[PDB]
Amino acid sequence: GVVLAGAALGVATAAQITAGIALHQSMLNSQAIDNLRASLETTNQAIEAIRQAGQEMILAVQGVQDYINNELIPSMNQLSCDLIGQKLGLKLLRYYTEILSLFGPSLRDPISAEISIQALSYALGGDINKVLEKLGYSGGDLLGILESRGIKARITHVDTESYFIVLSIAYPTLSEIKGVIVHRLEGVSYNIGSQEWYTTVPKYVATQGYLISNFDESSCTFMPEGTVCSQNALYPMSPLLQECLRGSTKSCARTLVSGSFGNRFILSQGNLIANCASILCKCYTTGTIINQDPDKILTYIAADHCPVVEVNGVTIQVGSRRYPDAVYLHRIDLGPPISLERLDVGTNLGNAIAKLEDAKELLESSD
């Protein structure tokens, strides 16, 4: 059991406190350092598992040794001594630039920093595949690849006497949260007048019991049997956008299509949902164009009316109906038009606040 001198330290984030204790639990003991220092001195390979019975294996990597061993030593009696030194000097300056880039002042908090294995690539000689094989990763299936690339390292010791850096890594494994379902949403444009709109919803959302959440797909890979994320991906969704996804069409915002098109059609549940006011739709089975009722905004094409449909020049066979026949636009409460460009947001918010400050003087005088 250890205690932190909080009055002495004065200030620290939870992240710094836990990493600091972790630093104490995982750093090598003072004489394992002297042993490690001596093992490093007597080796000459680019990568080497340093095994001292009793103690755990320590993986040692030397970032320019392959170049020395493969390129400089075989030239030792064919190039001058000056030239050999000039060749290595160029490598050392390029390697120092990477050490500086990763461990220099751009590293804000060395105690709680977690460095991805890929960011260590150059410090480890320009490639990480041999490191991963020595740790047991085969490269034989995509999941092990994703896990191996999710390794993060913490600095546990910096030796200024013998110039080495000890890092501690942990192995990623998959933690399935069975109550969370990730959903990919995809929209088609529809026409109101001469304006072409689409509903603004996120590309990915998550359901979690009562909750609908935002989903950050940045750190995720959509494997065939699950979404694999190397970091937490769930984030709050405002109640209004949740209400939109729960069926309140008036809560969903909409915007005009960029350029001159949307996605005017989509295959979903074996049916074609299509903006047939904006593209040519045609029944292939009968040869007859498919017109969109003008007080409807979309067409839901299934095999009960057209087994094989042509849509913007593409011929698609469809299945039985899984989406009702379109209803009249007047039976749909459309939500507010919006823009997502940040300057448009700021200009419209400034106007709204100004209109609201006017309104702030009028409703006390009459009341």
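Numbering starts at 1 and follows the sequence shown.
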Taking the deposited Cα B-factors and averaging over 273 to 281 and over 258 to 266, the higher mean is found in 258 to 266
Stretch with the greater mean C-alpha B-factor as recorded in the entry, comparing 87 to 95 against 222 to 230: 222 to 230
Residue of maximum C-alpha B factor among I73, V180, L102, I128, per deposited coordinates: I73
Among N69, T299, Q62, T42, single out the one with the highest C-alpha B factor in the record, please. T42
Taking only the Cα B-factors deposited for this chain, tell me whether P294 sits in the lowest, middle or highest third. highest
Relative to the other modelled residues of the same chain, rank the CA B-factor of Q25 and answer lowest, middle or highest third. highest
Going by the entry, which third of its chain does the Cα temperature factor of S121 land in? lowest
Thinking about Cα B factors across the chain, which third does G150 belong to? lowest
Please say which third, lowest, middle or highest, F164 falls into when its CA temperature factor is compared across its chain. middle
